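Visitor: As given, the protein sequences belong to chains A, B and C, one line each in that order. Going by the deposited numbering, the first residue of the first sequence is number 10, and it counts up by one from there. Those letters in the second sequence? Residues 72 to 170, 218 to 1038, 1145 to 1649, by the deposited numbering. Going by the deposited numbering, the first residue of the third sequence is number 1815, and it counts up by one from there. Beta carbons: idealized from backbone N, C-alpha and C, even for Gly. Take this structure first; my questions come after.
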Amino acid sequence: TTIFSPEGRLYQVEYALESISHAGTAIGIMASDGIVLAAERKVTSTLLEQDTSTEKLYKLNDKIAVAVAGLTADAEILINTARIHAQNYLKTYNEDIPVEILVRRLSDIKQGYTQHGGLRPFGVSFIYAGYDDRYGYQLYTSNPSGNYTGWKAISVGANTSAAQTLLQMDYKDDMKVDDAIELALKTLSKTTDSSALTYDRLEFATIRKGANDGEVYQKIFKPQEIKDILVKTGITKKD
Amino acid sequence: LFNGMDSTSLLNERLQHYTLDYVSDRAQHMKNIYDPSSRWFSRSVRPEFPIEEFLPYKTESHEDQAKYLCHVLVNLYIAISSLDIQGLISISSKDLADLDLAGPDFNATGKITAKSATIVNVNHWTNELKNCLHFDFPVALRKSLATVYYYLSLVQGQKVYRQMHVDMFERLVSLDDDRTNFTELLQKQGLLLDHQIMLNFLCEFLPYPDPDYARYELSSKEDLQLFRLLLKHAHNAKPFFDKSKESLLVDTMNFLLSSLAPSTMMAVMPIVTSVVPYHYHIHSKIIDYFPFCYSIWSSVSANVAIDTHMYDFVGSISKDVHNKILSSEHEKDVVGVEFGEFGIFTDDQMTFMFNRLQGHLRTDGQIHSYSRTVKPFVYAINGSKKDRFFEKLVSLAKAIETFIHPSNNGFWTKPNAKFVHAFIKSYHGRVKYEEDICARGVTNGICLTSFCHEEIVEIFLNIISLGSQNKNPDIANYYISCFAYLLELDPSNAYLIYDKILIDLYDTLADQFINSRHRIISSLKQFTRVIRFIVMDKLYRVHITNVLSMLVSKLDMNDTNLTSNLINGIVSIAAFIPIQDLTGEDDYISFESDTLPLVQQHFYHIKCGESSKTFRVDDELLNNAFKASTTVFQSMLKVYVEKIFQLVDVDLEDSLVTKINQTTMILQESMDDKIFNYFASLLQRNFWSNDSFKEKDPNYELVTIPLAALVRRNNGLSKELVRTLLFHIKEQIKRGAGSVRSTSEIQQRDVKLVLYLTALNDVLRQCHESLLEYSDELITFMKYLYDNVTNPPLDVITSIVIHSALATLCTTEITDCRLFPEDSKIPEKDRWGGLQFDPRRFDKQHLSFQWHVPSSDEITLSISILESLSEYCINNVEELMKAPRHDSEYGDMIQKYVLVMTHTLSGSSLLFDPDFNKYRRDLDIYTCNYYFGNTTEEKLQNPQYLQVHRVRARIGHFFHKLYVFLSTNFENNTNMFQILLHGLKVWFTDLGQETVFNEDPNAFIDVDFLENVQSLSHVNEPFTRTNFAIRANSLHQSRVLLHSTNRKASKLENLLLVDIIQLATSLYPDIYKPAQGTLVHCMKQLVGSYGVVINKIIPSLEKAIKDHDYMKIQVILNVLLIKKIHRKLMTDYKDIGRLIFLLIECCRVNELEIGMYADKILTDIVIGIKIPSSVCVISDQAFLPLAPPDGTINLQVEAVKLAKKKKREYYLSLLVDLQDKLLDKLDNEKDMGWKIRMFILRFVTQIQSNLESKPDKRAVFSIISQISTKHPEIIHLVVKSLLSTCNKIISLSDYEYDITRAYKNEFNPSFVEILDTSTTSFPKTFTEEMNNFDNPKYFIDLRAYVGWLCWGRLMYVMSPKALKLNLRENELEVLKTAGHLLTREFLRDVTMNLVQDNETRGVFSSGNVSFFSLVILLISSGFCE
Amino acid sequence: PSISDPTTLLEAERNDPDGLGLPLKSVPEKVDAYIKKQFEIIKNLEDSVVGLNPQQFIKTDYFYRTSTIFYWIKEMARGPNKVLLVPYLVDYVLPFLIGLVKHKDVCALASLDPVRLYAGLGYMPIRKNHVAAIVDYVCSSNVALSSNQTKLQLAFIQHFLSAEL
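In structure tokens:
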């Protein structure tokens, strides 16, 4: 009902934070030449359509992606608002939206749903990723409170604490995107509740530069490409 | 028989040693059992209601109760003198050669036959003795048992079930068991118990000089729970500490006083309250420590932790001196302790406590236990010098009066409500304690007078009036509960309480409070509490039938809460009053012309402002107005039935529907035959001529349970009621009811058919022998009902007809619950209160109940119905087994006959017998009434016993023939598997007792409901004939449900259990969840059944993992998580080995949520149980009191010591083997991820940290090498497991390889020395030693306490000289293996990984500090480089 | 108290005929004289503040002494030390606290609360011996008190009488 606890703390935000603390794990890592996003997906359903095109990971425009921990129903309302804002910026300025302007845009909407008592807050945590000329490769996180922070590597959702410790000891400022592929897969295999990692339990993506000077490219990996980085990395659930 | 107890002359000398050598006459034994001067004397008070003499069959002989107890005591002795107080080793009857059971270890249930098996578990045989305590045994055998359960409750070294052992001593020393104070009888027998074993165990909760050797610490929840449990045992045993040891009080105080400091306050104060006895010698008295308690208490603010122990102390000392002054024993025990104005309290102490008492009710709320708080004040009052005490109580009540008032809610409300209730309850407990001394002796003049009960009403009447109007209804109930205690004192002031409750009750029923729902509800609550006292007084009794008809006419279909409070009043009126016309053919009498005039005059007098003591009327007018009051009952019942038919359509709660059935039946049992005949002809006319079954889901029970209660009272009504019902059933089937299919709902076209069928089911369950008349007709109607209706929801109802028909014929139960019997018993018509407060309430001529005991004609009908309806259903399904169809009809037909075959097994359930499979001793203490006889000899010499068993078997064989049919043709079809599983559940469970249909609402009055209505605190059996009747019914019912059904299989149970195990493993949730519940129940029924279940589930998981049978694997892991299977895994070392490797293979199945369930099971297997190696620190008095005279039992306890020892070692060789096979898997598999790798670490850590387990350097190397995984949590687990393995090696040196020193007080390690602080200059030696940094003479790590208040005890201290280890070779090699791997590089990357995990938490860990302290030992010992 | 013997403790507590024993804790005589000397230093330093405004009162040695003894009383009045303070009530502590109440702007510049402290001292565990001296002190009429001090004395007599019902 958006009233303070006597400590000056918001009960609804704390309960929304309890909800996302169950909501599946996501890791993001910022290499010297690209960003990696990975998310672990609890497929307890055989008849759920794996090889559906998205669940945890989404495009916001041609150079920005997100991972979702939380309610996917809540996330998709924010994701569409961010997509509309990215194209409305591109229409106005003829230029691609800077990552800080969009990440904090979704952090200002999520704060409003925490102040007015007719609205429940959004049960979603986002690990944003992208490139722009103002900064370069940027990795941000945002949570049900409307707080947002810049990171070199971060986890959200379940098992955050184990994942942050594993990131901290292996992360290097000068590492390449293929080292961040390896690291994010290792971290998730060293954090997972499921017995071993496999291509349908895993959502993956990258924000590389490629060979051509003007390019930045956002491969949100199809299952067969994820099977290749799995067998190359030594996670290798292979015949 | 292992025990030797088959010998007649050993039984004879055992019986005589246990003093169970009773005289063979019932009459002479029942005489000398209550004679203080007799060899066999178990009770000082004779029971007023001998509840087992009112049964219609021969309960077991005192000779056979003696025989049963003697068997229990030799087996309880063998269990304790064999030293296995944890019970887990599970010695087999096979281990007798070298010269299978579940439940009892925690949360036990009793297998009450003394059969050929001997189990040697202390937890099993104490549960048998808890059941034996239902009968009697001499106080000299009670002395022995109180001695045993004292020392057996103080055992150390293993994980005993201490809580039921403490509660066993508490039952043996009871202050009230049928008004007998067994502590004072045991004190007269000369029971003496050792305070030093208790005091020492409580002193293990004091701070120990080395942090590493402190055996118990508060804040840890298990040790806090253990402390609270031993404190309870210290309180219960305190009265048996020896009077003649004159120094005991002063020496125990001298020890505890000197131990008192801020660190020890929370231990020492409860130890002082609990252990120190109240002895009163010429020189030393417990009252000398009042100045000391007032010194602690007077110097601190009100705090719950300090205040609860000192109210308990001074309260129980006050109660003891008061009790000793009233008893004759004060000339021995309290001479020179005079009772004063305030008891033992001086004026300043009582002035202080009254100030401290209001200090909590008005300012700080610091009370926890109110019954302890009020006890100094209740036992302060001198009944001959009272005026200065009552002057403090009027001024206490005046201080708190404003904090009671209903608009003043806050923190003080719960304090005040509970203080008022506890003071009034406790004062009434004092009054009724000393009234009982007065009744058989003399009055001391410290005893309270009438003037004191008057003064108490004058103080508390306004308080109870204000507090009963509270906004919280549980707070209001505390004050409303006080009125009954104030009326039970019989004060001269009692008119003040009755006048108030009449005024408010007339003002509610006249709608004067219509805006104020708390006045409506609280006045109904107040009136309900006092009906039983208003009924006895000749003036206020004129009001009750006027109130009864006003309550009945006010019953409501909208307000379910008002209806509940009206029904409380109506049943409370009904339970105490005879619903009878008392008019003497006085043709002048009328309610309108005598009663209602006088009621208006009394009410008008009372409401003017006058007391009822001013109201004058002739006894002639009063008796005419009372007699006239009884003529109004038939019009009240007309409105009652009319309201009951309106409640059939209301959306009621099950609790209120049940309460409405209870009031309707209590009314019927209170009627004379005149009023009841009118009500019975009124309950059947309205039933046929109703407009009252309209809604989707009617309350059929509200009319059909009343019709069945008519038929319970009068068998003659059944013929026309049943005949008319079955005519109305046949008509509804002809109109097409039940001919349109639906599933999970009764259609609205079927509601009248459901009414007549449920009315038929209920009426049949009460027909008893009236069924013989129309039995043929009912059987031919039952066939017709199975032929003509096929809707699945109606099959459950139509099949329950046979249950109810069969059940009546073979059930033993009370027919008569009447308030007054027969229309023909001797009590005069002056009986308006139900004899509740008379001596003749207990009279055998008042309590001549009448029972349905089954006839030979009714059993012959029962067997005839059973075999006819079962043959019918077998033959009908077998004709559908030819040519199956997938049609919806085909399934619903199969379900019907299978359902019918489940309700022929119910009801006839009382004819089956668990022991039939043994035939082709056994002392059953509970003699549930059987028909074929209690002996094997009787049972098999009746051909109806064999005929009944033949049918059970033939229905069971049909359920297997059906399971193969359904699994081959219809393996998807869930509802007929659910019906089959319910058929199998009933077939496995209901042998000789009824377990389904046991707890659902029925046409007997509820014993808990009538006990809640008629029970009154500190009053003995304040009950009427209805309540005595249903208590005698409850007794026989208990014996039937306490009769043990555990048995060994006959091949048919195994075939059917294997089908239950298959269905429990099935892939459909709707089959497996029922089947797993059935499996739990069928395991309870069979011995060794867990072995048969795990023998099937382990191979099946192995086959499923091989086959990639995802779905089945997760179902199997849900079977392993069944509490009964899961708990048995922990104590099953032979199959846990193969289970663990199979769960490790399951931990790499990536599908569904498998691996996550196997991880949960493996996480729980880390709480597996180890066996202490000869770690049993016990007194010989834990078993020597029960040692029989004979030479043979010594040799048998020596045999069990040896055999069990081998089993313990065999379980310790399986865990060592499993450790080695997991470490093998840990080193061999370089790629095993982390969750599984961390399962080998925790499991090996638990085996390597236990003191019984031998050290192993490969464990240490393998666990240390997991640093190389770089996983944070594996590194945390490695430092913790290294530390735990080395703290064991260190302690193996300090205990000097004698593991038992770990569990002995009076052993202190060689680095601990004992200082005598009594020495003549020690107080200054300590302050100059505590200043000494240069050359310390000793040290005190942890916390000091000795010398804060005073010196004088032994202080434990740590010496200056360093801890050099005196280890042996194997221990030296493991520490050198750690020290060799404790490299600079290992330390560097351990510490770096602790730094990086702590980056967000920023905590300080004592586990890391003790790791550097361990490294320093390896450095200083030269093991580390 | 660190009594040399359990029986010497028992005799010493039985020696008061009222059956309430000695105080559980007591200040040793040199420590007692140190405590009393801090208040006598404050009483002699009163001359150094007679003329001056709160802003420079905050800069005096008298105020630094007073602010320290406030924090000492306030910490002694919590937890296990209230009994140590009841011997100093009528001679030093209560006279000191009504003394502070005249300086209401000094109690605003420094966040002191003599009112809440003194009123709260009425709830301390006061012995039967001390009740009569507390009563004679609060029942002493001095015309030297301003309304704030006399209504504080009534506020004490409110939380004292209610805590002495």
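Under the three-state reduction of DSSP, which class applies to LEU324 (chain B): helix, strand or coil?
Guide: coil
Visitor: Would you mind listing the beta strand (DSSP E) stretches within the stretch 68–133 of chain A that are 3+ residues and don't spill past its ends, in chain order?
Guide: Within the stretch 68–133 of chain A, the complete beta strand (DSSP E) segments at least 3 residues long are 73–79, listed from N- to C-terminus.
Visitor: Could you name the residues of the stretch 390–414 of chain B whose beta carbon sits closer than 7 Å to any beta carbon of chain C, in the order they occur along the chain?
Guide: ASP406, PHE408, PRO409, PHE410, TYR412, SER413, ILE414
Visitor: Count the CB pairs spanning the stretch 1394–1407 of chain B and the stretch 122–142 of chain B that are closer than 8 Å, and state whether there are at least three.
Guide: Short answer: they don't touch.
Visitor: Starting from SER164 (chain A) and walking both ways along the beta strand (DSSP E), at which residues does that stretch end?
Guide: 162–165
Visitor: Unbroken alpha helix (DSSP H) runs of length 4 or more, entirely within the stretch 1817–1857 of chain C: which are they?
Guide: 1820–1828
Visitor: For chain C, find out if any of its Cβ atoms is closer than 7 Å to the Cβ of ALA535 (chain B); answer yes or no.
Guide: No, its Cβ sits nowhere closer than 7 Å to a Cβ of chain C.
Visitor: Exposed or buried, which one is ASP505 (chain B) when buried takes at least 16 other CB atoms within 10 Å?
Guide: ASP505 (chain B) is exposed by the Cβ-count criterion.
Visitor: In chain order, which beta strand (DSSP E) runs of at least 3 residues are fully inside the stretch 152–233 of chain A?
Guide: 157–160, 162–165, 211–216
Visitor: At the 7 Å Cβ level, is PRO1496 (chain B) part of the contact set with chain A, yes or no?
Guide: yes
Visitor: Go to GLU1537 (chain B), then tell me how far its beta strand (DSSP E) extends in each direction, as first and last residue.
Guide: 1536–1540
Visitor: Give the interface partners of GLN476 (chain B) over in chain C, defined as CB-CB distance under 7 Å, in chain order.
Guide: For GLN476 (chain B), the chain C residues whose Cβ falls inside 7 Å of its Cβ are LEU1979, in order along the chain.
Visitor: Please decide whether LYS1942 (chain C) counts as near chain B, where near means a Cβ-Cβ distance under 7 Å.
Guide: yes
Visitor: Suppose you measure from the CA of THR1624 (chain B) to the CA of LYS241 (chain A); what does that come to, to the nearest Å?
Guide: 33 Å
Visitor: Out of curiosity, what's the CA-to-CA distance linking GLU985 (chain B) and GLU787 (chain B)?
Guide: 36 Å
Visitor: Pick helix, strand or coil for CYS1953 (chain C), following the three-state DSSP scheme.
Guide: coil
Visitor: Give the straight-line distance between the Cα atoms of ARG1271 (chain B) and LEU140 (chain B), rounded to the nearest whole angstrom.
Guide: 23 Å
Visitor: Start and end of the beta strand (DSSP E) containing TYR1580 (chain B)?
Guide: 1578–1582
Visitor: Near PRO910 (chain B), which residues of its chain fall below 7 Å by C-beta distance, leaving aside the five closest residues on each side in sequence?
Guide: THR861, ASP1010, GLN1013
Visitor: Going by other Cβ atoms of all chains shown within 10 Å of its Cβ, with 16 needed for buried, is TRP1575 (chain B) buried or exposed?
Guide: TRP1575 (chain B) comes out buried.
Visitor: Could you tell me if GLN1870 (chain C) is buried or exposed, where buried requires 16 or more neighbouring beta carbons within 10 angstroms of its beta carbon?
Guide: exposed
Visitor: Return the chain-ordered list of same chain residues with a C-beta closer than 7 Å to the C-beta of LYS1454 (chain B), the five sequence neighbours on each side being excluded.
Guide: none
Visitor: Between the stretch 84–101 of chain A and the stretch 170–181 of chain A, do three or more beta carbon pairs fall short of 8 Å?
Guide: no
Visitor: With distances taken between CB atoms, is the gap from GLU1537 (chain B) to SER1583 (chain B) smaller than 7 Å?
Guide: yes
Visitor: I want to verify the contact list: residues of chain B whose CB lies under 7 Å from the CB of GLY1835 (chain C), in sequence order.
Guide: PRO409, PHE410, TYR412, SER413
Visitor: Could you check how far apart the C-beta atoms of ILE1395 (chain B) and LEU219 (chain B) are, in whole angstroms? I think they sit under 8 Å.
Guide: About 17 Å; that fails the 8 Å criterion.
Visitor: Got a sec? Which residues, its chain only, sit under 8 Å from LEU1507 (chain B) by beta carbon, not counting five neighbours each side?
Guide: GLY1631, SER1634, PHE1635, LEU1638
Visitor: Can the beta-carbon of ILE106 (chain A) be found less than 7 Å from the beta-carbon of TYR98 (chain A)?
Guide: Yes, Cβ-Cβ distance for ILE106 (chain A) and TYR98 (chain A) is below 7 Å.
Visitor: When you compare each of B:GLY308, B:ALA746, B:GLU1497 to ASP705 (chain B) by their alpha carbons, which one comes out closest?
Guide: B:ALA746
Visitor: For a contact meaning CB atoms closer than 7 Å, what does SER416 (chain B) contact in chain C?
Guide: Here the neighbours are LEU1834, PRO1939, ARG1941.
Visitor: Tell me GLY139 (chain A)'s beta-bridge partners as DSSP assigns them.
Guide: A:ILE73, A:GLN147
Visitor: Any C-beta of chain B within less than 8 Å: which residues of the stretch 1891–1918 of chain C qualify?
Guide: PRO1894, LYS1896, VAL1897
Visitor: Which ranges does the alpha helix (DSSP H) cover as unbroken runs of at least 4 residues, wholly within the stretch 131–161 of chain B, from first to last along the chain?
Guide: 133–152
Visitor: Which value, in whole angstroms, describes the spacing of the CA atoms of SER682 (chain B) and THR781 (chain B)?
Guide: 11 Å
Visitor: Output yes or no for whether 7 Å exceeds the beta carbon distance between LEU1838 (chain C) and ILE414 (chain B).
Guide: Less than 7 Å separates the beta-carbon of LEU1838 (chain C) from that of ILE414 (chain B).
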